[PDB]
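# Topology and contacts: notes
Okay, here's what each chain looks like letter by letter:
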Amino acid sequence: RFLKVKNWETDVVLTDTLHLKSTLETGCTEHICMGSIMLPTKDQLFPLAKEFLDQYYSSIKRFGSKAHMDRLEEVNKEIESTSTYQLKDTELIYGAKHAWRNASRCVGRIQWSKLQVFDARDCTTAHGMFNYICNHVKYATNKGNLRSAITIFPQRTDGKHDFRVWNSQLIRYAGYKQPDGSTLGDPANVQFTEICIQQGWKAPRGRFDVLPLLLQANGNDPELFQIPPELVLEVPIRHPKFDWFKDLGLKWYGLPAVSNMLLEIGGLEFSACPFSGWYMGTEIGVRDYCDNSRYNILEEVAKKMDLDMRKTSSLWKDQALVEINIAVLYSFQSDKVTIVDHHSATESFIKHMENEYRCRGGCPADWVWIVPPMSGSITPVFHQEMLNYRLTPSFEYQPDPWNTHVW
Amino acid sequence: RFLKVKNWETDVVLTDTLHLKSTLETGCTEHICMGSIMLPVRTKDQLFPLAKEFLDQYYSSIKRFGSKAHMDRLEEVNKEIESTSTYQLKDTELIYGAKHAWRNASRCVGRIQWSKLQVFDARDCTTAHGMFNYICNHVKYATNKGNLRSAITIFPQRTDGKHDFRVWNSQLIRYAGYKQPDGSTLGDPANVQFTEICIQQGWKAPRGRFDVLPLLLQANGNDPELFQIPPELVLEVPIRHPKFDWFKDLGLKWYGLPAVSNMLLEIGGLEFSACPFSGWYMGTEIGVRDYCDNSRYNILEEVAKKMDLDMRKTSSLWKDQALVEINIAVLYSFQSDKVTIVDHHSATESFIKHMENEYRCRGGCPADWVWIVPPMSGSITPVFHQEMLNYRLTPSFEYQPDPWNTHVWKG
Ligand code: HEM
Ligand code: HEM
Ligand SMILES: C[C@H](O)[C@H](O)[C@H]1CNc2nc(N)[nH]c(=O)c2N1
Ligand SMILES: C[C@H](O)[C@H](O)[C@H]1CNc2nc(N)[nH]c(=O)c2N1
Ligand SMILES: CCSCC(=N)NCCC[C@H](N)C(=O)O
Ligand SMILES: CCSCC(=N)NCCC[C@H](N)C(=O)O
Ligand SMILES: [Zn+2]
């Protein structure tokens with residue numbers, strides 16, 4: 001019931017008590033560990049509300065005050081009468097910051113308290129959502145000096161009136177099946193590109209087409225909008241020594257903005273809540289460029305470097321991988337777009353972990369996601385034991401809406 | 001209950017039923033995952049079920065379940081347990097059991113080979129000098145002049161827990177570590193404690209960077225005794241790089257035979273607390289961890305210096321660049337001297353084939369993702385993209401406390 005985590009590089013031992021406030025379920029049992037699996041009424045709502053308000057008032061040091069008791073009463077009345085309730089601005093801001101604080105898969109949480117929250121609960125239409133999103137994008141991009149942000153659309157009501165951003169990120173490249181048999185662009189986005197085209201998008205059928213937004217307001221059919229091109233900051237990829245690297249024609253976008261998740265605060269569900277930070281280099285260089293199922297560029301880069309590809313043991317994949325990641329970091333830095341390398345990011349998160357153990361008594365962390373997808377053991381997180389558990393407020397996955405939406 | 005695991009690169013979905021046969025617990029609950037935690041005297045009453053369970057598995061494996069020979073062996077073990085409170089494995093059951101502990105080892109990426117294990121039965125051993133002889137034979141057989149062969153040597157099982165056989169070394173061959181008065185370490189810092197014990201026991205330490213430790217051996221619960229492995233039996237590889245001629249002047253070498261000697265083998269309820277086993281290396285074990293961990297030989301700085309990398313900013317990825325070159329050097333060196341080694345691409349690809357085959361033939365393959373994925377270049381290996389289920393099957397290899405913490409000294 002009191003848990004120890006050891007760092008095997010420093011022998012530093014931390015005690016976790018925070019997990020005893022864990023609410024949701026991990027997917028594991030005492031017989032089976034599922035730690036590597038990607039996706040493991042009025043009655044229910046009031047304990048959820050109480051639980052959240054109790055943590056809020058405790059956080060502002062007014063636990064058990066008349067203002068605490070009165071708000072609990074007020075929310076209680078509002079649920080009994082309206083079957084839902086409304087968060088105050090202060091509660092909304094706190095809930096969002098804490099959903100990020102609690103995000104066990106995010107290595108960037110040292111920044112959690114600096115989140116800029118945009119309250120879009122007054123939004124009613126898809127055009128309104130489009131306006132709010134462009135403002136988020138411009139505010140967060142900030143001409144390269146990226147700032148964390150979240151934009152929060154109206155909460156779920158009866159689930160017939162859901163706000164959804166159909167895109168998985170605000171900014172992504174299209175993917176196209178070809179006559180050829182191969183795939184043009186980002187293969188991760190093929191099906192959603194199909195949803196766009198069949199809703200009316202004119203696709204330019206290129207390698208790096210920024211997808212249009214597909215926005216659903218109040219449970220209505222979603223609508224298309226193109227993000228103003230001038231708000232989509234992109235970086236051409238060059239290498240500081242390989243002059244030929246630019247010839248690959250590679251680019252990426254500056255703003256990582258996950259848009260398909262659901263924010264749960266005090267039992268309330270915010271199904272459209274796009275949020276954004278800034279990239280750790282490996283995300284693009286290792287995953288987006290090198291996954292066999294993504295742009296899968298390792299072979300081409302290796303060929304240009306004139307490496308011996310005859311045998312896996314020459315570590316040619318590994319050599320090319322490093323150089324690709326050097327090029328990503330270099331290119332963002334040259335153009336002054338915020339980016340973090342995996343050494344600096346993991347080092348930060350270790351400091352965040354210690355802070356959180358000292359000030360909060362724990363920090364839920366999914367080791368499988370936190371350890372970078374290259375050079376794992378030369379980053380300190382590799383040697384850090386982590387406990388994974390589910391605290392609320394939280395960001396949760398949710399079904400893709402085209403599987404659900406009734407047209 | 002069927003459990004599905006998905007590969008996110010290939011969209012292959014597999015179905016696990018094997019997990020239903022799981023007995024032991026993981027450390028995880030519905031409320032907490034401890035998947036990254038390194039480490040999360042029996043009764044007659046508890047012994048016969050474990051015996052029975054194991055022998056039902058044995059007799060099923062050989063297609064003789066419910067045979068007269070199966071029933072007779074149950075009755076005989078039952079009677080032996082009641083009369084003597086323990087029981088002896090037949091040779092065949094011991095072989096089968098040891099193979100299966102390997103097969104069930106969820107942190108082992110080398111399991112495609114599980115069926116080819118050479119088992120040396122050392123249950124007639126009575127003394128530390130006897131153990132030493134068994135261990136030299138194992139090292140020489142397994143080395144095979146660089147063409148490595150998997151092997152396990154099995155010493156007598158636990159009885160009352162007061163007469164345990166133990167190998168006090170953590171591997172049969174490992175380098176000494178010496179803490180210096182200035183706080184620096186010479187040699188391998190992982191082995192400082194065990195080295196200090198060896199010196200206290202009377203080993204004359206050469207005190208260099210790569211001194212092969214003496215075997216420290218406990219038989220039948222007695223105080224352990226020191227033995228030097230004959231040097232001619234210790235195959236080592238000097239490390240050089242195919243393109244960088246200064247690489248050899250770092251003075252690096254490593255030993256070719258990895259042989260874990262500190263784990264406990266459980267078969268049918270019985271505890272074999274000395275069962276050293278050995279295979280061959282995957283290159284990253286040496287080039288990533290043994291060489292580049294901060295708490296091990298820690299050579300990354302010195303290497304990147306010699307490479308003239310830009311070291312002022314981590315964002316040049318100098319560490320990642322040096323790491324690759326060291327790993328190329330390790331693999332090149334072993335291959336040039338014809339010592340068995342496997343690269344991390346080749347090993348993980350093999351494991352993925354092994355895992356699929358295991359699902360089809362056995363209904364599962366317990367695997368620990370945290371351990372299986374290599375400590376460099378994770379996502380360009382297919383295992384990174386493979387969902388896995390971790391659970392504990394018997395027979396199994398288990399951790400056990402270090403013997404110097406529990407041993408009752410006789411003097
Ligand atoms: C500010 C700089 C930030 C950095 C450097 C960062 C870093 C990362 C990284 C590397 C991942 C892994 C993503 C992947 O592998 O696909 C991740 C995941 C995640 N992050 Fe952050 N993050 C930042 C900001 C934020 C913000 C502002 C939020 C929420 C307000 C957030 C919440 C999450 C969540 C929920 C995940 C898991 C998403 C999923 O499961 O796909 N992050 N983060
Ligand atoms: C045939 C060649 C083999 C290869 C390539 C191989 C590969 C590996 C690797 C890379 C590890 C991780 C080691 C670490 O990080 O310290 C490991 C662990 C392990 N292997 Fe294998 N292995 C082989 C043979 C065997 C054999 C013969 C056995 C037993 C009969 C075995 C049982 C285990 C066990 C129990 C572990 C976990 C050790 C621990 O928890 O410290 N392996 N293996
Ligand atoms: C099967 C496995 O869980 C899957 O490949 C995970 C592993 N770790 C990850 N880690 C991060 N940060 N992002 C990912 O998409 C993944 N994928
Ligand atoms: C805390 C963490 O589990 C620890 O560093 C693990 C991670 N994965 C590992 N994987 C292997 N193969 N070997 C190890 O020693 C470790 N160390
Ligand atoms: C937006 C909250 S977390 C910020 C981040 N750094 N990454 C998010 C995911 C981006 C994805 N892995 C990609 O490579 O596009
Ligand atoms: C002996 C059974 S598993 C064989 C193996 N390939 N590795 C064992 C551990 C070796 C350790 N990592 C080292 O670097 O010495
Ligand atoms: Zn688990």
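What the deposited record gives as its method is X-ray crystallography, and the resolution it gives is 2.10 Å.

With that out of the way, let us pick up the site of ligand 6. Residue and element names in this part refer to chain B. Around ligand 6, a shell composed of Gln171, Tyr255, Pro258, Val260, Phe277, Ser278, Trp280, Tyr281, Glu285 and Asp290 is seen. Separating an oxygen atom of ligand 6 from a side-chain N or O atom of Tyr281 is a distance of 2.6 Å. One nitrogen or oxygen atom from the side chain of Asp290 is found 2.4 Å from an oxygen atom belonging to ligand 6. Alone, ligand 6 offers 430 Å² of accessible surface; in the complex the protein occludes 76% of this. Where the shell around ligand 6 is concerned, the elements lending two or more residues are β15 (277–278) and α6 (283–292).

So, on to a nonpolar patch on the surface. Residues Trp8 of chain A together with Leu39, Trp371 and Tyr399 of chain B make up a contiguous nonpolar surface patch of roughly 420 Å² in combined accessible area. With respect to the helices and strands, the residue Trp371 of chain B is situated in helix α10 (residues 369–372).

According to the stated counting rule, one finds 43 aromatic pairs over all chains in the structure shown. Considering the side-chain rings of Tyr56 of chain A and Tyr57 of chain A, the 5.1 Å spacing of their centres and the 85° angle between planes classify their relative orientation as edge-to-face. In this pair, the class of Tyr56 of chain A matches that of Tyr57 of chain A, namely buried. Cluster of aromatic residues (ring-pair linked, three or more members): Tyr173, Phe208, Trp252, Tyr253, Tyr279, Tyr289 and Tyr295 of chain A. The ring of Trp8 of chain A carries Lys6 of chain A above its face, with NZ or CZ at 4.0 Å from the centroid. Just above the ring of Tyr141 of chain B sits the side chain of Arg149 of chain B; from NZ or CZ to the centre is 3.7 Å.

Before going further, it helps to examine the coordination of the zinc ion (ligand 7). Distances from the zinc ion (ligand 7) to its protein donors, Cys28 of chain A (SG), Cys33 of chain A (SG), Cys28 of chain B (SG) and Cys33 of chain B (SG), fall at 2.3 to 2.4 Å. Assessed through its relative accessible area of 3%, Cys28 of chain A is described here as buried.

Residue and element names in this part refer to chain B. Burial of the side chains of strand β2 (residues 13–16) is restricted to one face: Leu14 and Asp16 are buried, whereas none of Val13 and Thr15 on the reverse face is. Sheet topology places strand β1 (residues 3–6) next to β2; four bridges connect them, and they run antiparallel. Along β2, the bridge assignment pairs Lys4 with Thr15.

The subject of this paragraph is the nonpolar core. If you look at the biggest cluster of nonpolar residues, it comprises 125 residues, and the most contacted ones within it are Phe245 and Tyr289 of chain A together with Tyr291 of chain B. What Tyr291 of chain B contacts, discounting residues up to four positions off in sequence, is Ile239, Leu252, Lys253, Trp254, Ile286, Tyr297, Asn298, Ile299, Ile326 and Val330 of chain B.

Turning our eyes to something else, we now look at the interface of chain B and chain A. Each partner contributes residues to the interface: chain B has 62 residues there, and chain A has 65 residues. Of the roughly 5200 Å² buried at the junction of chain B and chain A (both faces included), carbon and sulfur atoms supply 61%. Our count for the contact surface shared by chain B and chain A stands at zero salt bridges. Here chain B is connected to chain A by 29 residue pairs in polar contact. Among the secondary structure elements, those contributing two or more residues to the side of chain B that touches chain A are β1, α6, α8 (318–336), α9 (344–362) and α10 of chain B. Per-element accounting of the side of chain B that touches chain A gives the leading share, 10 residues, to α8 of chain B. The class makeup of the residues in the side of chain B that touches chain A is 28 nonpolar, 24 polar and 10 charged.

Now for the domain arrangement of chain A. All names here are of chain A. Each assigned domain of chain A is listed with its residue range as follows: domain 1 (16–121 + 148–158 + 262–276 + 346–370), domain 2 (122–147 + 162–233 + 397–401) and domain 3 (234–256 + 279–344). Put simply, the middle of domain 2 and the middle of domain 3, counted by C-alpha atoms, are 25 Å apart. With 21 residues of domain 2 at the interface, the matching set in domain 3 holds 19 residues. Summing both partners gives a buried area of about 1700 Å² for domain 2 against domain 3, and 53% of it is carried by carbon and sulfur. Area buried by domain 2 at its contact with domain 3 is led by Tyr173, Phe208 and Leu233, which between them contribute 34% of it. Viewed at the interface, domain 3 and domain 2 are joined by one salt bridge. One salt bridge connects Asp186 with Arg294, and the closest N-O pair in it is separated by 2.8 Å. Our enumeration of links across domain 2 and domain 3 arrives at 12 residue pairs in polar contact. For the side of domain 2 that touches domain 3, the element with the most residues is helix α4 (residues 126–141), which contributes three residues.

Moving on, we come to helix α8 (residues 316–334) of chain A. Residue and element names in this part refer to chain A. Here α8 contains 19 residues, and its C-alpha end-to-end distance of 27 Å stays within 8% of the 27 Å for a straight helix at 1.5 Å per residue. Burial analysis of α8 places 15 of its 19 residues in the buried class, which makes it a mostly covered element. Just past α8, the residue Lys336 takes up positive phi, approximately 55°.

This part is about the site of ligand 3. Around ligand 3, a shell composed of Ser36, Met38, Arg287, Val368 and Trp369 of chain A together with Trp369, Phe384, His385, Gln386 and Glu387 of chain B is seen. Taking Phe384 of chain B, its main chain carries an N or O atom lying 2.6 Å from an oxygen atom of ligand 3. Among the residues making up the shell around ligand 3, the classes are represented as five nonpolar, three polar and two charged.

Moving on, we get to the sheet that holds strand β14 (residues 270–272) of chain B. Residues and elements named next belong to chain B. The strand order β14-β13-β18 describes an open sheet built from three strands, whose pairing is antiparallel. Of all the strands in the sheet, the pair left with one neighbour each is β14 and β18 (396–398). Put simply, the sheet's adjacent strands are angled 30° from each other on average, direction ignored. Across three bridges, strand β13 (residues 264–267) lies against β14 in antiparallel orientation. Bridged to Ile267 within β14 is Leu270. The strands that helix α3 (residues 91–103) touches are β13, β14 and β18; relative to β13, the one it contacts most, it runs at about 120°.

Residue and element names in this part refer to chain A. Strand order in the open sheet formed by three strands is β14-β13-β16, with antiparallel pairing between adjacent strands. Since the sheet does not close on itself, it has two edges, and those belong to β14 (268–270) and β16 (394–396), each with one partner. Geometrically, the sheet is characterised by an average inter-axis angle of 30° between neighbouring strands, direction not taken into account. Pairing of strand β13 (residues 262–265) with β14, which is carried by three bridges, proceeds in the antiparallel orientation. When the bridges of β14 are listed, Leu263 appears paired with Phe270. Contacts from helix α3 (residues 89–101) reach β13, β14 and β16, with the element oriented near 120° to β13.

About the thresholds
- Residues numbered from 1 in each chain as written, not as in the entry; some residues may be left out.
- Chains lettered and ligands numbered in written order.
- Heavy atoms only, no water.
- Near = heavy atom within 4 Å.
- Polar contact = N/O pair within 3.5 Å; in protein donor to acceptor, adjacent residues only side chain to side chain.
- Areas by Shrake-Rupley, 256 points an atom, 1.4 Å probe, with all protein chains shown as cover.
- Helix = DSSP H or I, 4+ residues; strand = E, 2+ residues; numbered from the N terminus.
- Patch = residues over 30% accessible without salt bridge, like charges linked within 9 Å, V, L, I, M, F, W, Y side chains within 5 Å.
- Salt bridge = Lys/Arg side-chain N within 4 Å of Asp/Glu carboxyl O.
- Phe/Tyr/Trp six-rings, centres within 6.5 Å; stacked < 30°, edge-to-face > 60°.
- Buried < 20%, exposed > 50% of the residue type's maximum accessible area, 1.4 Å probe, protein only.
- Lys NZ or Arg CZ within 6 Å of the ring centre and 35° of its normal.
- Donors = N, O, S within 2.8 Å, 3.2 Å for Na, K, Ca; no water.
- Pairing = 2+ DSSP bridges.
- Core = buried A, V, L, I, M, F, W, Y, C linked by side-chain atoms within 4.5 Å.
- Contact = heavy atoms within 4.5 Å.
- Buried area = accessible area lost by both parts, 1.4 Å probe.
- Nonpolar A, V, L, I, M, F, W, Y, C, P; charged D, E, K, R; others polar.
- Domains from an automatic or database assignment.
- Expected span 1.5 Å × (residues − 1).
- Axes fitted to C-alpha atoms, helices over the stretch in contact; angles between N-to-C directions.

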